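Novice: Handing over entry_13.pdb, PDB, C-alpha atoms (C1' of nucleotides).
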ATOM      1  CA  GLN S   1     -26.408  -7.059-109.969  1.00  0.00           C
ATOM      2  CA  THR S   2     -24.651  -4.858-107.375  1.00  0.00           C
ATOM      3  CA  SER S   3     -27.713  -4.695-105.075  1.00  0.00           C
ATOM      4  CA  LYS S   4     -28.742  -1.365-103.463  1.00  0.00           C
ATOM      5  CA  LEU S   5     -25.015  -0.547-103.093  1.00  0.00           C
ATOM      6  CA  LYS S   6     -24.952   0.576-106.759  1.00  0.00           C
ATOM      7  CA  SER S   7     -27.059   3.572-105.610  1.00  0.00           C
ATOM      8  CA  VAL S   8     -23.874   5.120-104.153  1.00  0.00           C
ATOM      9  CA  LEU S   9     -21.458   4.297-106.999  1.00  0.00           C
ATOM     10  CA  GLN S  10     -23.423   6.491-109.438  1.00  0.00           C
ATOM     11  CA  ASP S  11     -22.514   9.786-107.678  1.00  0.00           C
ATOM     12  CA  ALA S  12     -20.457   9.040-104.543  1.00  0.00           C
ATOM     13  CA  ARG S  13     -16.966  10.422-103.897  1.00  0.00           C
ATOM     14  CA  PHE S  14     -14.281   7.866-103.031  1.00  0.00           C
ATOM     15  CA  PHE S  15     -11.459   8.414-100.525  1.00  0.00           C
ATOM     16  CA  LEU S  16      -8.162   6.601-100.001  1.00  0.00           C
ATOM     17  CA  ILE S  17      -7.713   5.949 -96.267  1.00  0.00           C
ATOM     18  CA  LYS S  18      -4.392   4.671 -94.901  1.00  0.00           C
ATOM     19  CA  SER S  19      -3.310   3.290 -91.536  1.00  0.00           C
ATOM     20  CA  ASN S  20       0.017   2.537 -89.856  1.00  0.00           C
ATOM     21  CA  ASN S  21      -1.287  -0.760 -88.392  1.00  0.00           C
ATOM     22  CA  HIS S  22      -3.961  -3.351 -89.244  1.00  0.00           C
ATOM     23  CA  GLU S  23      -5.274  -2.776 -85.702  1.00  0.00           C
ATOM     24  CA  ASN S  24      -6.814   0.637 -86.461  1.00  0.00           C
ATOM     25  CA  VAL S  25      -8.792  -0.843 -89.378  1.00  0.00           C
ATOM     26  CA  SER S  26      -9.866  -3.859 -87.303  1.00  0.00           C
ATOM     27  CA  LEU S  27     -10.895  -1.562 -84.438  1.00  0.00           C
ATOM     28  CA  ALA S  28     -12.818   0.725 -86.823  1.00  0.00           C
ATOM     29  CA  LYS S  29     -15.023  -2.109 -88.133  1.00  0.00           C
ATOM     30  CA  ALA S  30     -15.503  -3.359 -84.552  1.00  0.00           C
ATOM     31  CA  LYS S  31     -16.703   0.161 -83.559  1.00  0.00           C
ATOM     32  CA  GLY S  32     -18.491   1.124 -86.809  1.00  0.00           C
ATOM     33  CA  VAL S  33     -16.563   4.451 -86.851  1.00  0.00           C
ATOM     34  CA  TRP S  34     -13.276   6.005 -88.063  1.00  0.00           C
ATOM     35  CA  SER S  35     -10.874   8.931 -87.499  1.00  0.00           C
ATOM     36  CA  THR S  36      -7.968  10.449 -89.454  1.00  0.00           C
ATOM     37  CA  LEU S  37      -5.722  13.531 -89.680  1.00  0.00           C
ATOM     38  CA  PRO S  38      -7.597  16.858 -89.306  1.00  0.00           C
ATOM     39  CA  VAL S  39      -6.821  17.816 -92.926  1.00  0.00           C
ATOM     40  CA  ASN S  40      -8.484  14.582 -94.115  1.00  0.00           C
ATOM     41  CA  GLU S  41     -11.495  14.821 -91.784  1.00  0.00           C
ATOM     42  CA  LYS S  42     -12.136  18.244 -93.357  1.00  0.00           C
ATOM     43  CA  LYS S  43     -12.180  16.775 -96.890  1.00  0.00           C
ATOM     44  CA  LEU S  44     -14.562  13.996 -95.799  1.00  0.00           C
ATOM     45  CA  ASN S  45     -16.871  16.441 -93.982  1.00  0.00           C
ATOM     46  CA  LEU S  46     -17.110  18.811 -96.970  1.00  0.00           C
ATOM     47  CA  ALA S  47     -17.511  15.907 -99.423  1.00  0.00           C
ATOM     48  CA  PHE S  48     -20.475  14.615 -97.387  1.00  0.00           C
ATOM     49  CA  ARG S  49     -22.818  17.499 -98.324  1.00  0.00           C
ATOM     50  CA  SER S  50     -21.434  18.118-101.835  1.00  0.00           C
ATOM     51  CA  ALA S  51     -21.873  14.483-102.946  1.00  0.00           C
ATOM     52  CA  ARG S  52     -24.752  11.974-102.969  1.00  0.00           C
ATOM     53  CA  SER S  53     -22.540   9.766-100.758  1.00  0.00           C
ATOM     54  CA  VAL S  54     -18.921   9.365 -99.593  1.00  0.00           C
ATOM     55  CA  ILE S  55     -17.008   6.062 -99.581  1.00  0.00           C
ATOM     56  CA  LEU S  56     -13.906   5.443 -97.455  1.00  0.00           C
ATOM     57  CA  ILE S  57     -11.512   2.751 -98.744  1.00  0.00           C
ATOM     58  CA  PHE S  58      -9.310   1.217 -96.032  1.00  0.00           C
ATOM     59  CA  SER S  59      -5.617   0.338 -96.484  1.00  0.00           C
ATOM     60  CA  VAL S  60      -2.493  -0.415 -94.394  1.00  0.00           C
ATOM     61  CA  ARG S  61       0.999   0.915 -95.203  1.00  0.00           C
ATOM     62  CA  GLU S  62       2.843  -2.410 -94.862  1.00  0.00           C
ATOM     63  CA  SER S  63      -0.015  -4.419 -96.419  1.00  0.00           C
ATOM     64  CA  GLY S  64      -0.515  -2.521 -99.706  1.00  0.00           C
ATOM     65  CA  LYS S  65      -3.812  -4.497 -99.901  1.00  0.00           C
ATOM     66  CA  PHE S  66      -7.286  -3.024 -99.317  1.00  0.00           C
ATOM     67  CA  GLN S  67      -8.929  -4.140 -96.037  1.00  0.00           C
ATOM     68  CA  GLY S  68     -12.434  -3.029 -97.117  1.00  0.00           C
ATOM     69  CA  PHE S  69     -14.635   0.009 -97.772  1.00  0.00           C
ATOM     70  CA  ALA S  70     -17.447   1.767 -95.902  1.00  0.00           C
ATOM     71  CA  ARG S  71     -19.897   4.615 -96.548  1.00  0.00           C
ATOM     72  CA  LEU S  72     -19.551   7.783 -94.451  1.00  0.00           C
ATOM     73  CA  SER S  73     -22.776   7.782 -92.412  1.00  0.00           C
ATOM     74  CA  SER S  74     -22.185  11.100 -90.610  1.00  0.00           C
ATOM     75  CA  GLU S  75     -19.842  14.075 -90.119  1.00  0.00           C
ATOM     76  CA  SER S  76     -17.070  14.141 -87.484  1.00  0.00           C
ATOM     77  CA  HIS S  77     -18.104  14.194 -83.811  1.00  0.00           C
ATOM     78  CA  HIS S  78     -16.825  16.307 -80.896  1.00  0.00           C
ATOM     79  CA  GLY S  79     -17.569  17.238 -77.260  1.00  0.00           C
ATOM     80  CA  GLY S  80     -17.149  13.598 -76.145  1.00  0.00           C
ATOM     81  CA  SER S  81     -14.457  10.973 -75.495  1.00  0.00           C
ATOM     82  CA  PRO S  82     -12.581   9.700 -78.590  1.00  0.00           C
ATOM     83  CA  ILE S  83     -12.161   6.107 -79.794  1.00  0.00           C
ATOM     84  CA  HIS S  84      -9.241   4.095 -78.373  1.00  0.00           C
ATOM     85  CA  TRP S  85      -7.118   4.235 -81.541  1.00  0.00           C
ATOM     86  CA  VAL S  86      -3.755   2.452 -81.744  1.00  0.00           C
ATOM     87  CA  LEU S  87      -1.415   5.434 -82.081  1.00  0.00           C
ATOM     88  CA  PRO S  88       1.705   4.595 -84.142  1.00  0.00           C
ATOM     89  CA  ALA S  89       5.105   6.179 -83.458  1.00  0.00           C
ATOM     90  CA  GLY S  90       5.240   9.999 -83.574  1.00  0.00           C
ATOM     91  CA  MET S  91       1.406  10.186 -83.673  1.00  0.00           C
ATOM     92  CA  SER S  92      -0.778  11.905 -81.039  1.00  0.00           C
ATOM     93  CA  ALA S  93      -4.517  11.868 -80.255  1.00  0.00           C
ATOM     94  CA  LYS S  94      -4.819  15.653 -80.821  1.00  0.00           C
ATOM     95  CA  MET S  95      -5.008  15.027 -84.593  1.00  0.00           C
ATOM     96  CA  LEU S  96      -7.903  12.577 -84.001  1.00  0.00           C
ATOM     97  CA  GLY S  97     -11.198  12.707 -82.061  1.00  0.00           C
ATOM     98  CA  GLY S  98     -13.167  13.907 -85.113  1.00  0.00           C
ATOM     99  CA  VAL S  99     -14.746  10.442 -85.095  1.00  0.00           C
ATOM    100  CA  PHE S 100     -17.402   9.760 -87.748  1.00  0.00           C
ATOM    101  CA  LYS S 101     -19.993   7.011 -88.224  1.00  0.00           C
ATOM    102  CA  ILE S 102     -19.429   4.652 -91.158  1.00  0.00           C
ATOM    103  CA  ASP S 103     -21.350   1.788 -92.782  1.00  0.00           C
ATOM    104  CA  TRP S 104     -19.278  -1.234 -93.795  1.00  0.00           C
ATOM    105  CA  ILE S 105     -20.359  -2.302 -97.291  1.00  0.00           C
ATOM    106  CA  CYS S 106     -17.840  -5.161 -97.178  1.00  0.00           C
ATOM    107  CA  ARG S 107     -15.645  -6.442 -94.323  1.00  0.00           C
ATOM    108  CA  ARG S 108     -13.374  -8.413 -96.687  1.00  0.00           C
ATOM    109  CA  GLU S 109      -9.891  -7.590 -97.939  1.00  0.00           C
ATOM    110  CA  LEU S 110      -9.029  -7.177-101.644  1.00  0.00           C
ATOM    111  CA  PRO S 111      -5.512  -7.616-103.119  1.00  0.00           C
ATOM    112  CA  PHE S 112      -4.307  -4.894-105.483  1.00  0.00           C
ATOM    113  CA  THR S 113      -3.887  -7.454-108.297  1.00  0.00           C
ATOM    114  CA  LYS S 114      -7.629  -7.188-109.060  1.00  0.00           C
ATOM    115  CA  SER S 115      -7.454  -3.370-109.252  1.00  0.00           C
ATOM    116  CA  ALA S 116      -4.003  -3.220-110.910  1.00  0.00           C
ATOM    117  CA  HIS S 117      -5.573  -2.045-114.193  1.00  0.00           C
ATOM    118  CA  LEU S 118      -6.992   1.003-112.347  1.00  0.00           C
ATOM    119  CA  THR S 119      -5.293   4.362-111.669  1.00  0.00           C
ATOM    120  CA  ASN S 120      -6.525   7.680-110.246  1.00  0.00           C
ATOM    121  CA  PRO S 121      -6.415  10.656-112.681  1.00  0.00           C
ATOM    122  CA  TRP S 122      -7.381  12.934-109.754  1.00  0.00           C
ATOM    123  CA  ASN S 123      -3.810  12.172-108.606  1.00  0.00           C
ATOM    124  CA  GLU S 124      -0.429  11.614-110.354  1.00  0.00           C
ATOM    125  CA  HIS S 125      -2.232   8.979-112.522  1.00  0.00           C
ATOM    126  CA  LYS S 126      -0.688   6.430-110.126  1.00  0.00           C
ATOM    127  CA  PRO S 127      -2.355   3.106-109.168  1.00  0.00           C
ATOM    128  CA  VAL S 128      -5.150   3.236-106.559  1.00  0.00           C
ATOM    129  CA  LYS S 129      -2.869   1.780-103.848  1.00  0.00           C
ATOM    130  CA  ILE S 130      -0.381   4.698-103.975  1.00  0.00           C
ATOM    131  CA  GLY S 131      -0.913   8.249-102.658  1.00  0.00           C
ATOM    132  CA  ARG S 132      -1.439   9.647 -99.162  1.00  0.00           C
ATOM    133  CA  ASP S 133      -4.366   9.397 -96.746  1.00  0.00           C
ATOM    134  CA  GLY S 134      -7.451  11.439 -97.695  1.00  0.00           C
ATOM    135  CA  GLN S 135      -6.622  11.314-101.426  1.00  0.00           C
ATOM    136  CA  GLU S 136      -9.813  11.656-103.480  1.00  0.00           C
ATOM    137  CA  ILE S 137     -10.329   8.852-106.029  1.00  0.00           C
ATOM    138  CA  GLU S 138     -12.277   9.411-109.278  1.00  0.00           C
ATOM    139  CA  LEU S 139     -16.016   8.622-109.345  1.00  0.00           C
ATOM    140  CA  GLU S 140     -15.699   5.736-111.820  1.00  0.00           C
ATOM    141  CA  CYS S 141     -12.285   4.571-110.552  1.00  0.00           C
ATOM    142  CA  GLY S 142     -13.405   3.958-106.953  1.00  0.00           C
ATOM    143  CA  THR S 143     -16.711   2.606-108.310  1.00  0.00           C
ATOM    144  CA  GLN S 144     -14.816  -0.213-110.055  1.00  0.00           C
ATOM    145  CA  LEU S 145     -13.081  -1.117-106.776  1.00  0.00           C
ATOM    146  CA  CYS S 146     -16.470  -1.708-105.129  1.00  0.00           C
ATOM    147  CA  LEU S 147     -17.443  -4.045-108.002  1.00  0.00           C
ATOM    148  CA  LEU S 148     -14.317  -6.216-107.546  1.00  0.00           C
ATOM    149  CA  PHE S 149     -14.608  -6.752-103.761  1.00  0.00           C
ATOM    150  CA  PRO S 150     -15.226 -10.405-102.711  1.00  0.00           C
ATOM    151  CA  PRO S 151     -18.410 -11.295-100.765  1.00  0.00           C
ATOM    152  CA  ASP S 152     -18.405 -11.209 -96.942  1.00  0.00           C
ATOM    153  CA  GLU S 153     -20.092 -14.639 -96.753  1.00  0.00           C
ATOM    154  CA  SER S 154     -16.903 -15.935 -95.056  1.00  0.00           C
ATOM    155  CA  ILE S 155     -18.198 -14.362 -91.810  1.00  0.00           C
ATOM    156  CA  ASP S 156     -21.001 -16.974 -91.612  1.00  0.00           C
TER     157      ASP S 156
ATOM    158  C1'   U H   1       0.498  19.396 -91.690  1.00  0.00           C
ATOM    159  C1'   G H   2       0.749  14.331 -88.265  1.00  0.00           C
ATOM    160  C1'   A H   3      -1.123   6.488 -91.011  1.00  0.00           C
ATOM    161  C1'   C H   4       2.480   7.071 -99.904  1.00  0.00           C
ATOM    162  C1'   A H   5       3.816   2.780-103.340  1.00  0.00           C
ATOM    163  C1'   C H   6       8.097  -0.418-100.662  1.00  0.00           C
TER     164        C H   6
END
Hey, can you dump this file as structure tokens for me?
Specialist:
Amino acid sequence: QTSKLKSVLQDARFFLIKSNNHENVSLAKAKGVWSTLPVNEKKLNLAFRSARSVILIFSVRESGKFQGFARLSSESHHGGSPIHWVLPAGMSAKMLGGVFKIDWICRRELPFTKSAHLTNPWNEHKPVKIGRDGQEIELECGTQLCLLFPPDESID
RNA sequence: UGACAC
């Protein structure tokens, strides 16, 4: 069975998160928080109240593989210092700082070959690895991704 | 409005 995690997959909204470097994803799991473009933080903040739960799926541009997924624990923060994100070329911190708490359901990576049979109809019907940051994935599509993640038992 | 698949 999928343990208590299944409780989210029955009604949660899934979101495709991208990153320009593996360092932002690695830093986000080391901090237990995340940040993204202000148009995406808005979609995640509004999805938080309208859904039973929100799930953020992590990915890197050059990797094409998923680095993990985590449940949005809270809305974006403000009035305090931001996280030390690794800003890629042409990026600036002014688009960030809306840092939100997240709960890592799995720290492990997952190659797209396991999810190759999946596609997002809430998009151009393209595979789950394509599409921009903040793209909303279908309820049952993103659910299936959570079922095909490997166990994090490699950590200990 | 600024982290698509390569």
Novice: What are the residues of chain H lining chain S at 6 Å or less? Count all atoms listed in the file, and put the answer as number ranges by chain.
Specialist: H: 3-5
Novice: Selected residues, C-alpha atoms (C1' of nucleotides), written as a PDB file, keeping the file's coordinate frame, please.
Specialist:
ATOM      1  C1'   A H   3      -1.123   6.488 -91.011  1.00  0.00           C
ATOM      2  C1'   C H   4       2.480   7.071 -99.904  1.00  0.00           C
ATOM      3  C1'   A H   5       3.816   2.780-103.340  1.00  0.00           C
TER       4        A H   5
END
Novice: Which residue, S:107, S:16, S:27, S:40, has the smallest gap to residue H:2 when you use all atoms listed in the file?
Specialist: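 Closest to residue H:2 of all the choices is S:40.
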Novice: Separation of atom CA of residue S:104 and atom CA of residue S:45, in Å?
Specialist: 17.8 Å
Novice: May I ask for the distance between atom CA of residue S:154 and atom CA of residue S:13, given in Å to one decimal place?
Specialist: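 Separating atom CA of residue S:154 from atom CA of residue S:13 is a distance of 27.8 Å.
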Novice: Closest to residue S:146 among S:41, S:23, S:109, S:75, using only C-alpha atoms?
Specialist: S:109
Novice: Please measure the separation of atom CA of residue S:2 and atom CA of residue S:140, giving the value in Å to one decimal.
Specialist: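 The value is 14.6 Å.
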Novice: Quick one: everything within 12 Å of residue S:76, counting all atoms listed in the file, minus sequence neighbours fewer than 2 positions away in the same chain. Send it as a PyMOL selection string.
Specialist: chain S and resi 33-38+40-46+48+72-74+78-80+82+96-102
Novice: When the PyMOL selection byres ((chain S and resi 108) around 7) is applied to the structure above, which residues does it catch, written out as a PyMOL selection string?
Specialist: chain S and resi 67-68+106-107+109-110+150+152
Novice: Check which residues satisfy the PyMOL selection byres ((chain S and resi 54) around 8) in the file shown, then give them as a ChimeraX atom specification.
Specialist: /S:8,12-15,44,47-48,51-53,55-56,71-72
Novice: I would like the residues chosen by the PyMOL selection byres ((chain S and resi 112) around 8) on the shown file; could you give them as a compact mmCIF listing (two decimals) with C-alpha atoms, in the frame of the given file?
Specialist:
# COMPACT_ATOMS: atom_id res chain seq x y z
CA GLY S 64 -0.52 -2.52 -99.71
CA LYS S 65 -3.81 -4.50 -99.90
CA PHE S 66 -7.29 -3.02 -99.32
CA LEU S 110 -9.03 -7.18 -101.64
CA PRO S 111 -5.51 -7.62 -103.12
CA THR S 113 -3.89 -7.45 -108.30
CA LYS S 114 -7.63 -7.19 -109.06
CA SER S 115 -7.45 -3.37 -109.25
CA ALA S 116 -4.00 -3.22 -110.91
CA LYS S 129 -2.87 1.78 -103.85
